[PDB]
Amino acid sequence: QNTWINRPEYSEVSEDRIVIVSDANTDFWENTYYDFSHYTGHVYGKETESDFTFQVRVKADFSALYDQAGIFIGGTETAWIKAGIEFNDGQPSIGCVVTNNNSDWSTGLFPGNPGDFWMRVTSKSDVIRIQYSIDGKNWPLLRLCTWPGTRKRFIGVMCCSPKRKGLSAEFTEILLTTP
């Protein structure tokens, strides 16, 4: 059954729609460079011990620095992966952070509509393939690595407000299935 990691004050959970409103100063980051350990981001999903392909359509109102919305894959508090859009110096970026004791993040240009995009995560064997889409048809690769956690993987939708509060993210067309 679906459950939360840092359940937010405000939210909505329907059969085919999930809304996460971030709490103040929420984020996910481990040590690397910044020297702090944040594990306060919001994630709604479920644990699974089998391979899978997760896909979701994200609609959030990015505005404050470091606003994040996308997907999350958890193992432990020091073994997880997050990916999606992140606001910074205006322009929106698409990136990913793989944390295996330490956070390793990559980022880059996001061409689509920052307020309406798709995310896809495929986890078969010990491999993690993360892709995104701006039209729901084309899925460019974002990150390809090997899972840093164990058997149990927590897969779900995520939302972060490192410098603010209230980022509202709507998740629809959610589909968790065999790879």
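When you see a residue number, it is the position in the sequence shown, counting from 1.
*Which of the two stretches, 75-83 or 90-98, shows the higher mean Cα temperature factor in the record?*
The entry gives the higher C-alpha B-factor average to 90-98.
*Between 146-154 and 127-135, name whichever shows the higher mean Cα B factor according to the PDB entry.*
Result: 146-154.
*asked:* Please place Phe36 in the lowest, middle or highest third of its chain according to the CA B-factor in the PDB entry.
replied: Top third by C-alpha B-factor.
*Which third of the chain holds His42 when residues are ordered by C-alpha B factor: lowest, middle or highest?*
Within its chain, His42 is a lowest-third residue by C-alpha B-factor, going by the deposited values.
_Going by the CA temperature factor in the PDB record, which third of the chain does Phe52 belong to: lowest, middle or highest?_
Middle third.
*Using the B-factors in the PDB entry, rank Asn6's C-alpha atom against the chain and give the third, lowest, middle or highest.*
Its C-alpha B-factor, which the entry lists for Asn6, ranks in the lowest third among residues of this chain.
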